[PDB]
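Below: the structure, in structure tokens.
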Amino acid sequence: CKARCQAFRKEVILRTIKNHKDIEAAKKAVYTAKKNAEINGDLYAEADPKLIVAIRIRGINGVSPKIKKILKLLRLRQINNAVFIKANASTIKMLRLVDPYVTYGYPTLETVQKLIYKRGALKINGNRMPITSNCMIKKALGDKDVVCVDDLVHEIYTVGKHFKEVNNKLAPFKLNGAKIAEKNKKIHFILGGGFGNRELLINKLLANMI
Amino acid sequence: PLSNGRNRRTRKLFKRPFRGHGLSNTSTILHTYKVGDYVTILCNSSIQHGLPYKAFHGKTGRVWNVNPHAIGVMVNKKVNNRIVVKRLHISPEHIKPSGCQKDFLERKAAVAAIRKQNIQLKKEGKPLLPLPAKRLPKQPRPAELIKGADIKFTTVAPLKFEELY
Amino acid sequence: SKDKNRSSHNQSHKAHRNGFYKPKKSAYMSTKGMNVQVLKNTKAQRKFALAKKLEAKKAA
Amino acid sequence: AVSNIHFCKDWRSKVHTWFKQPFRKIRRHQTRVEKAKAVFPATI
Amino acid sequence: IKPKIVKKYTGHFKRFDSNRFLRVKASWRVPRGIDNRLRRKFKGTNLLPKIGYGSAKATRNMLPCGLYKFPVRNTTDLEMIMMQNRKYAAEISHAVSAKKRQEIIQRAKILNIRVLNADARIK
Amino acid sequence: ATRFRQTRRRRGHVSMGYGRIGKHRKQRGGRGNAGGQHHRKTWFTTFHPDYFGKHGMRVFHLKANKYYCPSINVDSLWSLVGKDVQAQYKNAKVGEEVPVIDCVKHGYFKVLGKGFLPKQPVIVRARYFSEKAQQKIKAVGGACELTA
Amino acid sequence: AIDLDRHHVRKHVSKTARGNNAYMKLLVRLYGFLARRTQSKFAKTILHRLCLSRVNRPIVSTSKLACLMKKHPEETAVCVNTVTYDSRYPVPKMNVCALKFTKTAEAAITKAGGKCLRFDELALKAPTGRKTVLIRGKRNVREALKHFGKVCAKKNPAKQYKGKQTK
RNA sequence: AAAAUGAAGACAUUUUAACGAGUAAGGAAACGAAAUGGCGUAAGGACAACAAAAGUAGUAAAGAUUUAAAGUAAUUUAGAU
RNA sequence: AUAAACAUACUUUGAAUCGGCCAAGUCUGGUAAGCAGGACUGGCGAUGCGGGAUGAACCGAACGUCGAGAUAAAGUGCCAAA
RNA sequence: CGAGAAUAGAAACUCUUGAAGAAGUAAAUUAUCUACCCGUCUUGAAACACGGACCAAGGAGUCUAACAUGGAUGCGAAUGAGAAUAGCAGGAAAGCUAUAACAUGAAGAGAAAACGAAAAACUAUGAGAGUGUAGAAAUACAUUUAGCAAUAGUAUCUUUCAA
């Protein structure tokens with residue numbers, strides 16, 4: 001009857017063990033290679049980031065026709081809507097044409113977790129259903145070998161082979177409000193503004209926005 | 001305010017290329033266009049008979065029908081809010097073989113070369129080859145070491161102003 | 001009482017409400033005006049295949 | 001469809017309502033009934 | 001048992017410009033004028049009846065007593081709600097005389113039905 | 001049903017469904033088919049191109065009773081007499097009785113050839129016959145009479 | 001606010017038997033419960049076609065059923081529409097199931113040995129649909145379709161509603 | 001919108017999700033899971049104490065002045081004079 | 001690469017409208033205009049709300065009825081919440 | 001130390017006010033905040049633009065004739081025959097019956113004489129229906145069969161100088 005629930009939990013525990021290995025083992029090799037390069041006098045070139053988290057900053061009134069379409073393809077159709085974007089030569093260029101309406105950086109694992117645990121949602125049968133179990137995630141994403149929520153958080157973080165399928169399934173998060181800028185949101189973050197690339201300083205803004 | 005002439009505003013659109021006057025080549029009248037080829041229309045002002053409309057200059061079309069002295073070419077023309085199908089008949093002097101599928105037709109050959117090996121490896125039992133990797137935009141570069149034996153440094157600072165007069 | 005002679009203001013955002021109506025794939029397959037020699041070979045074979053097809057149908 | 005309607009002339013004075021039709025049927029039927037009575041080969 | 005009847009607006013939606021003129025009655029008619037101060041929803045005067053004001057479905061058309069209204073004209077109408085005396089309350093119509101009212105009022109006591117007009121047309 | 005019209009739902013609207021910028025003035029381009037060649041030319045061109053002109057000769061007193069000639073195709077000849085009578089004579093041949101489908105009685109003069117007749121001999125009696133109608137009747141094994 | 005491509009309006013697909021035909025309101029109830037429970041695409045197809053207007057339920061003459069069921073001996077043709085009679089060509093033996101059989105089409109089918117089922121008897125006999133040949137008659141034969149468009153056009157003209165000074 | 005249930009319950013059913021500004025203009029009536037929902041005036045055909053006296057009315061009709069209740073609203077109901 | 005099943009393709013019938021005006025890291029005639037005439041885009045028209053004391057267009061931001069919170073433009077001597 | 005798992009465990013409370021009027025609602029006044037004249041032409045009116053002193057009653061997309069699209073209905077190669085007109089019971093501006101001229105349609109083109117349709121069709125995609133395997137629940141996969149509607153192109157046929 002319900003003896004398969006007991007066995008299912010063990011598989012989720014097994015997957016959480018293995019999922020945390022890839023994240024921790026890849027973190028150790030980055031730090032180990034940083035120590036060996038300092039001792040030998042060599043230089044180290046840190047790898048480029050693979051994930052970009054973009055937040056819509058402005059409203060919907062007064063958007064140029066082409067920029068309006070790029071935001072729709074990024075699923076930033078509302079103010080204070082954060083999504084996870086793959087970084088390559090295309091989306092980086094797309095995220096640059098619409099800069100006055102987005103602020104984006106790179107998320108740490110402590111930020112991917114909070115967004116998905118607190119503001120997570122899935123599109124099942126066309127309804128944006130908030131995440132409340134793993135049997136809901138397994139039913140929607142069973143064929144993508146994503147049966148739990150630490151399989152969903154891991155795939156987003158490391159940008160796996162099934163990232164696009166996972167990414168579109170997650171609905172764009174609806175976030176709170178928080179102080180975006182020092183001067184205002186009409187100038188680049190370089191000049192102490194609101195939009196533009198914030199790199200690892202986006203985690204500070206997402207902490208007050210979740 | 002302009003006029004309604006057929007070839008209006010053609011001081012620089014129909015002007016021949018610099019030091020390109022006179023006769024065209026001999027491969028212009030010798031290339032073989034078969035039905036289904038992608039060719040580019042390029043109006044040639046040296047040959048007036050049959051000059052295509054100036055709005056089709058540079059558009060890319062599909063050869064649909066090859067007539068003894070003219071090559072049928074169909075292109076998409078834009079109207080108020082709909083796209084229509086235009087069916088011209090351009091002499092070979094006014095069109096050029098488009099190489100839009102230059103990249104694509106070399107990917108097909110690479111895949112066909114691999115698939116030819118997979119029908120031999122499978123027959124003889126060897127493990128078949130994997131298909132070529134797909135094209136992706138410029139991916140984020142990984143982390144790579146830099147030796148400290150062939151390195152050199154140049155300090156970078158804002159430059160002191162030097163007057164230009 | 002003069003007036004504004006012409007203005008393209010808003011005439012391009014209007015055309016993108018109902019987007020550019022592309023032509024259907026049946027519009028690219030018309031065989032009107034094709035080579036008269038090619039259209040006589042295609043007709044001369046379609047008649048030949050049809051005659052042998054209908055005869056086989058009648059036989060059974 | 002191009003209209004062909006002949007109402008440009010006066011028509012409200014050229015109407016003929018058929019309200020007497022229910023009573024015409026009775027009036028004629030009460031003539032044949034009162035004609036066969038006189039001599040039957042009259043209505044024959 | 002009675003659920004709290006919650007009202008989202010306890011006032012009346014009076015017609016615009018009915019506090020100045022007498023030919024304009026106090027029954028609501030939405031203004032269609034181009035320069036109207038109210039149909040544009042100017043600040044200070046932006047009161048129009050919008051479907052969001054509608055009260056809760058569970059407690060809609062419910063009297064403060066907690067019972068819906070059911071009008072009766074004779075003693076035989078009372079039998080239509082003799083099974084639902086906890087949901088419906090009789091209310092004798094305003095045309096029923098002062099003799100037929102004592103038949104309905106007394107019968108409503110036998111079937112134990114609350115009557116909202118128990119002191120109407122008394123001697 | 002004047003409670004179903006648009007006037008009963010358009011009460012309270014000042015313009016009454018006819019616009020403020022352009023009101024509902026009396027005439028909107030003449031009375032009837034006025035302006036057929038001046039300002040409604042884009043109508044009698046788009047929707048009635050051959051409206052304006054002359055074509056064909058004039059028949060001063062046309063006699064429409066001499067152009068009257070109803071036609072029945074061969075496939076519908078057997079339905080004049082019925083489907084019971086058709087089956088009854090389905091095995092007849094030359095020498096034995098076969099029904100005469102007198103078309104003129106039913107109001108069909110001409111007999112045209114369209115579709116297929118059942119494989120039974122049949123007699124057809126009608127005023128006018130089509131060239132391919134006679135072949136269809138005769139190929140089945142029948143006869144083609146004439147009347148009047 | 002949110003920027004959407006277009007706002008949510010009514011979907012232009014019907015889901016009930018129109019009008020007040022208290023017998024068509026039952027088949028939709030009957031076939032709207034067989035499609036939901038069995039989840040068979042035949043019942044969804046039958047339910048969907050029962051909720052179409054009159055102009056979208058064209059008639060199927062008995063000579064169309066004859067030439068469509070020539071190579072289907074033991075099958076039950078299922079056409080959700082009226083079934084008229086083709087008085088020019090014979091009617092072989094076949095089992096049919098339609099919304100309405102014309103008097104001469106009903107007498108002709110049962111005379112040759114066939115059957116004329118209604119749509120209730122078909123659901124009882126083959127609810128999921130096992131030996132049925134779904135049929136629907138032609139839709140472009142309507143005369144109103146000719147006049148659509150502009151007659152002046154160069155590719156496909158219309159047919160010029162007749163009127164004054166026609167020629 | 002999608003699922004569930006569905007001969008009569010009732011509030012135009014139950015669950016989930018997204019959405020809701022707007023002049024000109026459109027959304028006729030009926031359509032059980034309803035192809036928008038309703039209020040009001042007058043007239044006509046029916047229904048209105050179902051055990052053979054069957055809607056209300058000289059134990060005070062329609063109307064008028066107010067007071068309270070229901071409905072977001074058009075408006076309805078009731079008390080008193 | 002990214003987005004797309006209340007997606008996509010439409011068909012029939014029909015209403016309103018074709019007096020427009022403003023902004024500009026733009027242009028033409030003009031000495032110049034809150035002048036006249038244009039190209040790309042956003043708005044006012046059709047539009048309220050918070051801010052510029054007031055303002056059709058500027059900045060924020062577009063609205064079912066509400067309660068609690070972090071916000072945007074912009075401010076924190078008093079009128080005036082800080 | 002200890003997740004899973006096996007076995008045992010624990011939640012029914014207190015005070016104040018109200019038929020001497022609790023909670024809620026309504027009316028009048030005060031107090032902080034908020035509030036330019038309605039209808040209309042207009043790019044733009046609160047406008048130094050026009051009508052409006054107040055109240056009551058009346059007051060403006062209606063009727064017939066012709067065509068067309070669509071929603072509901074009957075019948076369907078027929079439909080209508082409440083075309084005149086003729087009968088029936090009942091006394092009737094209502095109801096019923098009239099194998100019936102004719103209207104639209106079943107055949108199309110041609111100015112007109114003169115004519116008047118199958119190769120018992122072809123091709124492509126296409127709606128369904130079974131079977132087995134599996135995730136093992138819905139559902140996905142593999143295979144046999146079917147070709148409706150629709151779109152495009154085809155052969156063949158009637159009429160036209162021309163399709």
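In the structure tokens, chains take the letters A, B, ... in the order shown, each chain's residues start at 1, and ligands count up from 1 in the order shown.
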Taking the DSSP assignment computed from this structure's backbone, write out as a list in words all residues of chain D that belong to alpha helix (DSSP H).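 Everything in chain D that counts as alpha helix (DSSP H) is residues 21, 22, 23, 24, 25, 26, 27, 28, 29, 30, 31, 32, 33, 34, 35 and 36 of chain D.
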Take the residues that were just selected and, keeping N, CA and C atoms, output them as a CSV table (one decimal), in the first residue's frame.
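Contents of the output file part03.csv:
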```
chain,number,residue,atom,x,y,z
D,21,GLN,N,-60.1,39.8,-46.3
D,21,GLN,CA,-60.0,38.4,-46.8
D,21,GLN,C,-60.7,37.4,-46.0
D,22,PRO,N,-60.7,37.4,-44.6
D,22,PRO,CA,-61.5,36.5,-43.8
D,22,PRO,C,-63.0,36.6,-44.1
D,23,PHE,N,-63.5,37.8,-44.4
D,23,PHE,CA,-64.9,38.0,-44.6
D,23,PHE,C,-65.3,37.9,-46.1
D,24,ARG,N,-64.4,38.0,-47.0
D,24,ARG,CA,-64.7,37.7,-48.4
D,24,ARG,C,-65.0,36.3,-48.6
D,25,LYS,N,-64.3,35.4,-48.0
D,25,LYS,CA,-64.5,33.9,-48.1
D,25,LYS,C,-65.9,33.6,-47.6
D,26,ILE,N,-66.4,34.2,-46.5
D,26,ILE,CA,-67.7,34.0,-46.0
D,26,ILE,C,-68.8,34.6,-46.9
D,27,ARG,N,-68.5,35.8,-47.5
D,27,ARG,CA,-69.5,36.4,-48.3
D,27,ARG,C,-69.8,35.6,-49.6
D,28,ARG,N,-68.7,35.1,-50.2
D,28,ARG,CA,-68.9,34.3,-51.4
D,28,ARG,C,-69.6,33.0,-51.1
D,29,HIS,N,-69.1,32.3,-50.0
D,29,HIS,CA,-69.7,31.0,-49.6
D,29,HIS,C,-71.2,31.1,-49.3
D,30,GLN,N,-71.6,32.3,-48.8
D,30,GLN,CA,-73.0,32.5,-48.5
D,30,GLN,C,-73.8,33.0,-49.7
D,31,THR,N,-73.1,33.1,-50.9
D,31,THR,CA,-73.8,33.3,-52.2
D,31,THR,C,-74.0,32.0,-52.9
D,32,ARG,N,-73.0,31.2,-53.0
D,32,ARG,CA,-73.3,29.8,-53.6
D,32,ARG,C,-74.3,29.1,-52.8
D,33,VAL,N,-74.3,29.2,-51.5
D,33,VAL,CA,-75.3,28.5,-50.7
D,33,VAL,C,-76.7,29.1,-51.0
D,34,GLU,N,-76.8,30.4,-51.1
D,34,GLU,CA,-78.0,31.0,-51.5
D,34,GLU,C,-78.3,31.1,-53.0
D,35,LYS,N,-77.4,30.5,-53.8
D,35,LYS,CA,-77.7,30.4,-55.2
D,35,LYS,C,-78.1,29.0,-55.6
D,36,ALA,N,-77.5,28.0,-55.1
D,36,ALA,CA,-78.0,26.6,-55.3
D,36,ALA,C,-79.4,26.5,-54.7
```
Please identify every residue of chain C that has at least one atom no farther than 8 Å from an atom of chain J, counting only C-alpha atoms (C1' of nucleotides), and for each give the shortest atom pair and the distance in Å to one decimal, arranged by chain then increasing number, as JSON lines.
```
{"residue": "C:26", "atom": "CA", "partner": "J:152", "partner_atom": "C1'", "distance": 5.5}
{"residue": "C:29", "atom": "CA", "partner": "J:152", "partner_atom": "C1'", "distance": 7.9}
{"residue": "C:46", "atom": "CA", "partner": "J:155", "partner_atom": "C1'", "distance": 7.3}
{"residue": "C:47", "atom": "CA", "partner": "J:155", "partner_atom": "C1'", "distance": 6.2}
{"residue": "C:50", "atom": "CA", "partner": "J:122", "partner_atom": "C1'", "distance": 6.5}
{"residue": "C:54", "atom": "CA", "partner": "J:119", "partner_atom": "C1'", "distance": 7.6}
```
Can you list, as JSON, numbers by chain, every protein, DNA or RNA residue that comes within 12 Å of residue 90 (chain G) when you count only C-alpha atoms (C1' of nucleotides), leaving out same-chain residues fewer than 4 positions away? {"F": [75, 76, 78, 79, 82, 83, 84, 86, 87, 116, 117, 118, 119], "G": [61, 62, 63, 64, 65, 66, 67, 85, 86, 105, 108, 109, 111, 112]}
Spatial neighbours of residue 131 (chain A), max dist 7 Å, only C-alpha atoms (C1' of nucleotides), sep filter under 6 positions, as a list in words: residues 120, 121 and 122 of chain A
Output as number ranges by chain the set of chain J residues within 8 Å of chain F, with distances taken over only C-alpha atoms (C1' of nucleotides). J: 61, 111-112, 116-118, 120
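Across I:54, I:72, I:65, I:11, the tightest approach to residue 194 (chain A) is made by I:72 when counting only C-alpha atoms (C1' of nucleotides).
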Residues of chain A that approach chain B to 12 Å or less, counting only C-alpha atoms: could you list each one with the shortest pair of atoms and its distance in Å to one decimal, rows by chain and increasing residue number, as CSV?
```
residue,atom,partner,partner_atom,distance
A:29,CA,B:143,CA,11.0
A:30,CA,B:143,CA,8.7
A:31,CA,B:143,CA,11.8
A:33,CA,B:145,CA,8.7
A:34,CA,B:145,CA,9.5
A:35,CA,B:145,CA,12.0
A:36,CA,B:145,CA,10.2
A:37,CA,B:145,CA,7.7
A:38,CA,B:148,CA,10.1
A:39,CA,B:148,CA,10.9
A:40,CA,B:148,CA,7.9
A:41,CA,B:148,CA,5.7
A:42,CA,B:148,CA,4.3
A:43,CA,B:146,CA,5.0
A:44,CA,B:145,CA,4.9
A:45,CA,B:143,CA,5.4
A:46,CA,B:143,CA,4.9
A:47,CA,B:143,CA,3.9
A:48,CA,B:140,CA,5.2
A:49,CA,B:140,CA,6.7
A:50,CA,B:140,CA,6.5
A:51,CA,B:140,CA,9.8
A:52,CA,B:140,CA,11.7
A:86,CA,B:139,CA,9.8
A:87,CA,B:140,CA,7.1
A:88,CA,B:139,CA,4.9
A:89,CA,B:138,CA,4.8
A:90,CA,B:137,CA,6.3
A:91,CA,B:137,CA,9.2
A:92,CA,B:138,CA,10.1
A:93,CA,B:137,CA,10.8
A:159,CA,B:140,CA,11.9
```
Can you list every residue of chain C that has an atom at most 12 Å from chain G, with its nearest atom pair and the distance in Å to one decimal, using only C-alpha atoms, ordered by chain then number, as JSON lines?
```
{"residue": "C:17", "atom": "CA", "partner": "G:5", "partner_atom": "CA", "distance": 10.0}
{"residue": "C:18", "atom": "CA", "partner": "G:6", "partner_atom": "CA", "distance": 11.6}
{"residue": "C:27", "atom": "CA", "partner": "G:155", "partner_atom": "CA", "distance": 12.0}
```
Chain C contacts to chain A at 12 Å (only C-alpha atoms) as a PDB file with N, CA and C atoms, in the first residue's frame:
```pdb
ATOM      1  N   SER C  12       3.856  51.537 -37.529  1.00  0.00           N
ATOM      2  CA  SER C  12       4.622  50.301 -37.449  1.00  0.00           C
ATOM      3  C   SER C  12       4.289  49.477 -36.220  1.00  0.00           C
ATOM      4  N   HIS C  13       3.835  50.120 -35.148  1.00  0.00           N
ATOM      5  CA  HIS C  13       3.344  49.382 -33.991  1.00  0.00           C
ATOM      6  C   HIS C  13       1.965  48.795 -34.249  1.00  0.00           C
ATOM      7  N   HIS C  16       2.342  45.334 -35.996  1.00  0.00           N
ATOM      8  CA  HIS C  16       2.879  44.271 -35.159  1.00  0.00           C
ATOM      9  C   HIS C  16       1.905  43.790 -34.091  1.00  0.00           C
ATOM     10  N   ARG C  17       0.688  44.336 -34.039  1.00  0.00           N
ATOM     11  CA  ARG C  17      -0.335  43.768 -33.166  1.00  0.00           C
ATOM     12  C   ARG C  17      -0.739  42.387 -33.654  1.00  0.00           C
TER      13      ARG C  17
END
```
Which chain A residues are at most 12 Å from chain J (counting only C-alpha atoms (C1' of nucleotides)), as a VMD selection string? chain A and resid 4 6 to 11 13 139 to 140 142 to 143
Can you spit out the residues from that selection as a PDB file, in the first residue's frame, using C-alpha atoms?
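See again.pdb below for the written result:
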```pdb
ATOM      1  CA  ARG A   4       6.931   2.597  -1.212  1.00  0.00           C
ATOM      2  CA  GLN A   6       9.579   4.440   3.090  1.00  0.00           C
ATOM      3  CA  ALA A   7      11.793   3.259   0.229  1.00  0.00           C
ATOM      4  CA  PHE A   8      11.422   6.548  -1.659  1.00  0.00           C
ATOM      5  CA  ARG A   9      12.831   8.528   1.272  1.00  0.00           C
ATOM      6  CA  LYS A  10      15.994   6.411   1.274  1.00  0.00           C
ATOM      7  CA  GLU A  11      16.612   7.216  -2.399  1.00  0.00           C
ATOM      8  CA  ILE A  13      18.699  10.546   1.209  1.00  0.00           C
ATOM      9  CA  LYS A 139       5.765  13.711 -10.863  1.00  0.00           C
ATOM     10  CA  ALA A 140       6.601  16.811 -12.906  1.00  0.00           C
ATOM     11  CA  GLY A 142      10.650  12.366 -13.085  1.00  0.00           C
ATOM     12  CA  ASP A 143      11.796  11.925 -16.681  1.00  0.00           C
TER      13      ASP A 143
END
```
Among chain F, which residues does DSSP mark as strand (DSSP E or B) when it is run on the backbone? Keep the chain and numbering as in the structure and answer as a ChimeraX atom specification. /F:71-73,100-102,110-112,123-125,128-129,143-145
Tell me, counting only C-alpha atoms, for each residue of chain C within 6 Å of chain B, which pair of atoms is nearest and how far apart they are in Å to one decimal, in rows ordered by chain and increasing number, as JSON lines.
```
{"residue": "C:15", "atom": "CA", "partner": "B:81", "partner_atom": "CA", "distance": 5.1}
{"residue": "C:20", "atom": "CA", "partner": "B:82", "partner_atom": "CA", "distance": 4.6}
{"residue": "C:21", "atom": "CA", "partner": "B:82", "partner_atom": "CA", "distance": 4.3}
{"residue": "C:22", "atom": "CA", "partner": "B:83", "partner_atom": "CA", "distance": 5.1}
{"residue": "C:34", "atom": "CA", "partner": "B:65", "partner_atom": "CA", "distance": 5.9}
{"residue": "C:35", "atom": "CA", "partner": "B:67", "partner_atom": "CA", "distance": 5.8}
```
